[PDB]
Amino acid sequence: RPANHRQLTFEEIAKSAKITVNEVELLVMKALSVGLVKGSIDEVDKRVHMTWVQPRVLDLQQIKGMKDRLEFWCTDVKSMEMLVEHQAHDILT
Amino acid sequence: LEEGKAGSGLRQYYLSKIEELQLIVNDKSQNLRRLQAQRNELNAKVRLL
Amino acid sequence: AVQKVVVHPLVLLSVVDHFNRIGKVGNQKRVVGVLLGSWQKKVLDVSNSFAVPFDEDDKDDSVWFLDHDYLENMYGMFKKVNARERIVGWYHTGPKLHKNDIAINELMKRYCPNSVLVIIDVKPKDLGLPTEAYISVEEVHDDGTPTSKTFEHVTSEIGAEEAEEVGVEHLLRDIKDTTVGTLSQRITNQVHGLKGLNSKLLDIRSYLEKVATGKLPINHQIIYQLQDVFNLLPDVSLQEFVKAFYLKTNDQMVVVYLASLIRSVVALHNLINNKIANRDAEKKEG
Amino acid sequence: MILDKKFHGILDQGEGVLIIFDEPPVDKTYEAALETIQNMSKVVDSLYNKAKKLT
Amino acid sequence: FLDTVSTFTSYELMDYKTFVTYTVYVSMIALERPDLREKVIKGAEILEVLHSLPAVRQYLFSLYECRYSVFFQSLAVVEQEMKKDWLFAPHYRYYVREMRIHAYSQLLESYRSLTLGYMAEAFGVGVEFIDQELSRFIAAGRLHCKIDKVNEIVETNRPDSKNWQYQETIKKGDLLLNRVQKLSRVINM
Amino acid sequence: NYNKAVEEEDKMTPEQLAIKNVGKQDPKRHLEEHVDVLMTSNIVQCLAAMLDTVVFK
Amino acid sequence: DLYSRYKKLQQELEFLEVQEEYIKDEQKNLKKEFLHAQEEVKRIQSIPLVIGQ
Amino acid sequence: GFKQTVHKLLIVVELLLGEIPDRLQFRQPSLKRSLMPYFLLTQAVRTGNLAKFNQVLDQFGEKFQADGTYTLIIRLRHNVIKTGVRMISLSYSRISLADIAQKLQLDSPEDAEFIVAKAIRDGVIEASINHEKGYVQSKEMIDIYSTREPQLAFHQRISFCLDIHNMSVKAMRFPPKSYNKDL
Amino acid sequence: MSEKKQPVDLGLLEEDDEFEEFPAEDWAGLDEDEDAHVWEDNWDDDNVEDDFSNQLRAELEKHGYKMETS
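Protein chains in written order, with my numbering: chain A, 1 to 93; chain B, 1001 to 1049; chain C, 2001 to 2286; chain D, 3001 to 3055; chain E, 4001 to 4189; chain F, 5001 to 5057; chain G, 6001 to 6053; chain H, 7001 to 7183; chain I, 8001 to 8070.
1) Taking only beta carbons into account, state which residues of the region 3006-3036 of chain D come closer than 8 Å to chain E, listed in chain order.
2) Name the chain E residues whose beta carbon is nearer than 9 Å to that of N2250/C?
3) Taking the alpha carbon of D8016/I as the point to measure from, which residue in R7086/H, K7032/H, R7027/H and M7172/H has its own alpha carbon closest?
4) Do the CB positions of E3035/D and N5042/F come within less than 8 Å of each other?
5) Where in the region 4095-4160 of chain E do unbroken runs of the beta strand (DSSP E), each at least 3 residues long, occur, reported from the N-terminal end onward?
6) Check whether the Cβ of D8026/I lies closer than 8 Å to any Cβ atom in chain E.
7) From the DSSP output, in three-state form, read off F4088/E for me.
8) Using a 10 Å radius around the Cβ and a threshold of 16 neighbouring Cβ atoms, would you call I91/A buried or exposed?
9) Under 8 Å between C-beta atoms, does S2264/C make it to chain D?
10) With a floor of 3 residues, list each beta strand (DSSP E) that falls wholly inside the region 2107-2162 of chain C, ordered by position along the chain.
11) Go ahead and label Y4059/E buried or exposed: buried means 16 or more other beta carbons lie within 10 angstroms of its beta carbon, across all protein chains shown.
12) Any contact between the region 2190-2208 of chain C and the region 1001-1011 of chain B? By contact I mean 3 or more CB pairs, one from each, below 8 Å.
13) How is the alpha helix (DSSP H) around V7013/H delimited, first residue to last?
14) Hey, does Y4094/E have any beta-carbon neighbour from chain I nearer than 8 Å?
15) Between the region 5008-5028 of chain F and chain A, which residues of the former have CB atoms less than 7 Å from a CB of the latter, in chain order?
16) Name the two residues that bound the continuous beta strand (DSSP E) containing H2092/C.
17) Report the three-state DSSP secondary structure of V2006/C (helix, strand or coil).
18) Thinking C-alpha only, which one of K2004/C, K2059/C, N2027/C and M2074/C is nearest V2034/C?
19) Would you please state the rounded distance, in angstroms, between the beta carbons of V4077/E and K8066/I? I believe it to be under 8 Å.
20) Just to confirm, are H4144/E and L4108/E a CB contact at a threshold of 8 Å?
21) Tell whether a beta-carbon distance below 8 Å holds between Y2257/C and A3032/D.
22) Does any CB atom of chain E fall closer than 8 Å to the CB of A8058/I?
23) How close, in whole Å, do the beta carbons of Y7092/H and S4135/E come, if the pair is a contact with beta carbons under 8 Å?
24) Report yes if the C-beta distance between residue 97/A and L2197/C is below 8 Å; otherwise report no.
25) Run down chain F in chain order and give the residues with a C-beta less than 9 Å from the C-beta of residue 1984/C.
26) Contact between the region 5033-5050 of chain F and the region 2251-2267 of chain C is defined here as three or more beta-carbon pairs at a separation below 8 Å; is this criterion met?
27) Under the assumption that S2062/C contacts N2100/C (Cβ atoms under 8 Å), give the Cβ distance between them as a whole number of angstroms.
28) Out of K2125/C, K2096/C, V2137/C and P2095/C, state which residue places its alpha-carbon closest to the alpha-carbon of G2089/C.
29) Would you decide whether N5021/F is buried or exposed? Buried here means 16 or more other CB atoms lie within 10 Å of its CB.
30) Give a yes or no on whether the minimum CB-CB distance between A7098/H and chain E is below 8 Å.
31) Could you have a look at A3/A and say whether DSSP puts it in helix, strand or coil?
32) To the nearest angstrom, report how far apart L32/A and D4131/E are at their CA atoms.
33) From which residue to which residue does the beta strand (DSSP E) around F2050/C run?
34) Could you check whether the region 1015-1026 of chain B touches the region 2210-2227 of chain C, counting it as contact only if at least three pairs of C-beta atoms, one from each stretch, sit closer than 8 Å?
35) Within the continuous beta strand (DSSP E) that includes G2033/C, where are the two ends?
36) Got a sec: which bits of the region 1036-1049 of chain B sit with their beta carbon under 8 Å from any beta carbon on chain H, in order along the chain?
Here it is as structure tokens:
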């Protein structure tokens, strides 16, 4: 999930790793000890917030989604350029 | 009749109001060209510098 | 080793001379010039350069023609008249990096020290910076491919020290200086979207083309860092930055009070002289 | 000592909650307010010169 | 009254003890804690003249000490002495209210939330009177933000620094806006 | 600080302007410098839309 | 002459109206030249210099 | 001499909202004598005593009630309780059945919450209607927009103030043109 | 127009003809204690003054009796 409330909870980690709730702190502590993730969570109730990570293998749905979000960013920057520059060039030049 | 004095009369009065709009454009050209003479005289003054 | 380089416009105007002394023959190939500079300091500073007759073959790309006697004679006389600058590298005017450039650069890697490579465009239609410093160093690859010459992009800047700024400014008489204020800022704020639009739009099309229609590994490993950094800004909800909008908007309010108050101070002399001058000139005119 | 303003803090009786905060940008509202107060005399004096020359 | 060092017994207008007795009201009420600590508490003049009457020392150390249990018991002498004076009687209504709101702002300054028990025991008065007191001092007094009684506890917020410190100039911005509208009225006429 | 540092003299200007009104003796204009100060102050306004574009897309 | 003053005057309407964008060009360009020459005479003043009395 | 009508009607329509600003910054012996009969009632609005001030109005009321059709004063006679309950909105949250109901000269459970609800349906105040044990509570949050959506709060303030000050900039650009027009 | 002020000034002349110097002197009994005083503060002092004119004017002498009873 790149966007749309990336914030998560320990229920998915404990459910996918069939581990108890007492060992998830040592699990994320080892995850931060390896150095592949820099995630620091300011939570009060148990939550899992993550940061920069590298796939390093492959992702085709992220290639197609990369084209979708990339084309969306490009057409939004183009839309703002035509919008601001449209009347801005006519009134200021 | 009563057109050249009334119809063309109010048309001529509207032409006088058009002369008032050309008096606003006229004196705007006058003061804008006098300020243009001020900036031209100052930039020409530093050109003399 | 080298973090940044400095390229003076004199060598690029010498490329204008490369396009001037052609003679209308119909070749206009990638004429290679002998780049000169100061390799002593960590930063690279190009002062001037010269050229050498360079001709390739139509079909075979591996054909390249250089000269050692002309290089040692032009460099010997140039060192005799100015010994503060020595050989550093070369540069070609071709827009595309050919395979033969490893053999062309290899000669100045053997005889001369590590040469920097600069790719420019034959037509000044590219809005981006025409100069790209490509260092000729061999790098170890993680995939296991054999070690080969790699051209890493080194940042470059176009600056003049003492006189070329004056000569360019006198020859142009059209360009403007920094001139902080309305025009120099709003022009950048208008055309900047096209300055990024032509680059990104010009790159991601051939990029997306080489995604599906690509082979001969293009270093797909760096694409993971590409999309990674692109996904390092996952559409922040702006919840925490609201107070920052209150700070920047409060500074906006400060500019509002400064503009209204200061302009209200400027209205003094105008809204006084308009009366005291008109009524006195009118009452004293006749 | 909070009434003496020796440090940042505030007491409480019902809940006993302690809160510590500060306001660094003090030099903005002072200079702005002084510019407003000083410009009031400018506009008022302008209305005195124009009110004198007109009526 | 800062030049009280050079003052002396002047039988022409007012005695020295009457001058101190008259300036102790404007100094005791018209000044805050830093102004008193800087002017009078640091000065030795009130330290010399406090030995004449022991009441003034009680009205200074009790007010500066924030002890309302004795200040309200002894405030009746300030009430009766405040009136029946030549020049000081017609202003007796302003000193009372101004001193009460000044003390309420003094105690309420360093206190964010306040229960009715510690307040009633501190002031030594019933809650039925402070109810209408603060009720009248929210709109009439205009000292702090709105007060709530959902838990029967005096709880204020006072966001008067961060945003209101910048919003103190909007009044001069609106009055200056009407003044430059008058400047627009001067145009052509 | 420069704006107020000139306004402290602009408080004294309406006295001379309220006394003589004839001739100019001070070579300082007190106007174009403040115009330039406003031009330097408009960078916040011109770049606020830039931050709006960077935050938007 | 009476009715000809309208259409004859329209030529003066166009001749005076055409000066608007012209004085716009002059007032927008001559101040750019004013800051050009202003910065040109400003950059003449250099820091390295001799101090007299 | 003429502003006593726009000022008189001004304060007459201002006391309807519960907050009546009197004559503070203007010193002239015309609005004083004009306001002398109206001063007792315009001061009696805030305290809001129904039975006494109802007789006080018609007691000495000659000119302000002889002005015609007694429309806004016959609306004020029942607006006293609305400005008073608006002062209650400026007062504490909890509403008692004896203390504040007896204080407001209205001692009954139905019309208390009924008329207070008639003050809630206006929209000028903020309250939280909750019924747990029979008492009517209210949150009465009158906290200003400080650190509560400020950009949307004073956004229109910045736009409008820059529009008025900017047309004032036009009002300091055009008169110089009307100055240099003749020379 | 400035010509409509005449009947309003006539109404002011009628108000002045109702009582001849009666409100000037009777109100001057308080104005002699209000003269030269800032009238901005007289709105609050007159607000609480007229508010307490009916009952509990001083009330400070009664707190000493209200301490033990409340």
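All residues carry an ideal CB built from backbone N, CA and C; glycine is no exception.
According to the structure data:
1) Answer set for the region 3006-3036 of chain D: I3010, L3011, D3012, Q3013, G3014, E3015, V3017, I3019, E3023, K3028, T3029, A3032, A3033 and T3036.
2) One finds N4163 and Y4166 in chain E with Cβ atoms closer than 9 Å to the Cβ of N2250/C, taken in chain order.
3) Nearest C-alpha to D8016/I: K7032/H.
4) No, the pair does not count as a contact, with Cβ atoms beyond the cut-off.
5) For the region 4095-4160 of chain E, whole beta strand (DSSP E) runs of length 3 or above, ordered along the chain, are 4113-4115 and 4153-4155.
6) Judged by the 8 Å Cβ criterion, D8026/I is not in contact with chain E.
7) Three-state result, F4088/E: coil.
8) Around the Cβ of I91/A, a 10 Å sphere holds fewer than 16 other Cβ atoms; the residue is exposed.
9) Yes, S2264/C counts as interfacial toward chain D.
10) Fully contained in the region 2107-2162 of chain C are the following beta strand (DSSP E) runs of length 3 or more, in chain order: 2116-2118, 2133-2138 and 2149-2158.
11) Its Cβ being crowded by 16 or more others within 10 Å, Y4059/E is buried.
12) Contact between the region 2190-2208 of chain C and the region 1001-1011 of chain B is absent, because fewer than three Cβ pairs lie under 8 Å.
13) Its alpha helix (DSSP H) spans residues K7003 to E7014.
14) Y4094/E counts as touching chain I.
15) When C-beta distances to chain A are compared with 7 Å, every residue of the region 5008-5028 of chain F stays at or above that value.
16) Boundaries of the beta strand (DSSP E) harbouring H2092/C: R2086 to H2092, taken from the DSSP string.
17) The answer is strand: DSSP assigns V2006/C an E or B state.
18) If we check each option's Cα against that of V2034/C, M2074/C comes out closest.
19) For a cut-off of 8 Å, the C-beta gap from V4077/E to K8066/I is around 17 Å, too long to register as a contact.
20) Yes, the pair counts as a contact, with Cβ atoms nearer than the cut-off.
21) Note that the C-beta distance between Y2257/C and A3032/D is below 8 Å.
22) Under the Cβ criterion of 8 Å, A8058/I is counted among the residues facing chain E.
23) About 7 Å; that satisfies the 8 Å criterion.
24) Outside the displayed span of chain A (1 to 93) sits residue 97/A, for which this structure offers no information.
25) Given that chain C is displayed from residue 2001 to residue 2286, the structure contains no residue 1984/C and the question cannot be resolved.
26) Yes, the region 5033-5050 of chain F is in contact with the region 2251-2267 of chain C.
27) The pair is a contact, with the Cβ atoms about 5 Å apart (cut-off 8 Å).
28) Out of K2125/C, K2096/C, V2137/C and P2095/C, the CA that lies nearest to the CA of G2089/C is found in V2137/C.
29) Exposed: under 16 other Cβ atoms inside 10 Å.
30) Not an interface residue.
31) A3/A falls in the coil class under three-state DSSP.
32) If you draw a straight line from the Cα of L32/A to the Cα of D4131/E, it is about 57 Å long.
33) Here the beta strand (DSSP E) through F2050/C covers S2049 to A2051.
34) With a cut-off of 8 Å, the region 2210-2227 of chain C and the region 1015-1026 of chain B do not count as touching, because too few Cβ pairs lie within range.
35) Unbroken beta strand (DSSP E) run through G2033/C: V2032 to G2037.
36) The residues in question: there are none.
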